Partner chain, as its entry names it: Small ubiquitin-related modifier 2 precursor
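Taking the form solved without its partner chain, here's one chain by itself in structure tokens.
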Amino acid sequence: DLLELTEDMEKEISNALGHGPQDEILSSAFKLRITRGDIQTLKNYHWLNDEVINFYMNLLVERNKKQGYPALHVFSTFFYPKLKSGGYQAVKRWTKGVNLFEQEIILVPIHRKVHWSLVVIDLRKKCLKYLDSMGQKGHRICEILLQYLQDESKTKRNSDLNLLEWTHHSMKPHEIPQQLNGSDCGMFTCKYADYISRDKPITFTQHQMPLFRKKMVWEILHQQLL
């Protein structure tokens, strides 16, 4: 959601992006350590890196709990690639201590080459949605993730998913805002995730991305969303 930033905020934001040592840890949580180098990927025209995305994803989980939003599970940005190349066995332990099926919404960030996209698994509707700011379809990706769910369920609950009741859908270019440059794919993924996890229709646009980038640095610095 939109908002007007304050001087004290724009100050600390310029502070974090501005010059200084690269290894200076500016924010720590979820076993992640955001360095000034990492937060600088938020500067306009820069590609977000894994740390920033994972960090933000984890913040959505806490925001949802505290605000009475759907139970949210966010997979690491490294999960999907590991699954795609190593199969279920390679990621069997990435859900240690959690039962995916007791959650309501599962987010799976998709990193392919230099592009970022998003898969949403809504357990409440038994539906998988693929969101891509470059209008791509993700049939195969959803198919691979649905098979992962079946393996997780059979492994952890000794029960099969009822495949006949599950559906998947790739949001068309008209259903969600698209990116108009070559550097905001990571931001679209984060904002898709943000709105989707609150069951809020995705009404933001490319025009608002510069403000989102600034907002996210503050949010990451304070480990709190606006």
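Positions refer to the first chain, counted from 1.
Heads up, the form solved in complex with its partner chain isn't pictured, but that's what we're talking about next.
Trainee: Would you check whether its partner chain, in the deposited complex, lies within 4.5 angstroms of a non-hydrogen atom from each of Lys154, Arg157 and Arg198?
Mentor: Not a single listed residue reaches its partner chain in the deposited complex, so no.
Trainee: In the deposited complex, is there a heavy atom of its partner chain that lies within 4.5 Å of any heavy atom of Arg93, even though the partner is absent here?
Mentor: Yes.
Trainee: Answer yes if any heavy atom of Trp166 is within 4.5 Å of a heavy atom of its partner chain in the deposited complex; otherwise answer no.
Mentor: The answer is no: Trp166 has no heavy atom within 4.5 Å of its partner chain.
Trainee: Evaluate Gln22 for contact with its partner chain in the deposited complex, applying a 4.5 angstroms cut-off between non-hydrogen atoms, and reply yes or no.
Mentor: Result yes; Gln22 sits at the interface with its partner chain in the deposited complex.
Trainee: Answer with yes or no whether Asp50 is in contact with its partner chain in the deposited complex, where contact means some heavy atom within 4.5 Å.
Mentor: Within the cut-off, so yes.
Trainee: Counting only heavy atoms and a 4.5 Å cutoff, which of 27 to 35, 157 to 165, 190 to 198, 61 to 69 contacts its partner chain in the deposited complex?
Mentor: In the other structure, the partner sits against 27 to 35.
Trainee: Sequence order please: the residues of 64 to 91 with a heavy atom within 4.5 Å of its partner chain in the deposited complex.
Mentor: The stretch touches the partner through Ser76, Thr77, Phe78, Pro81, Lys82.
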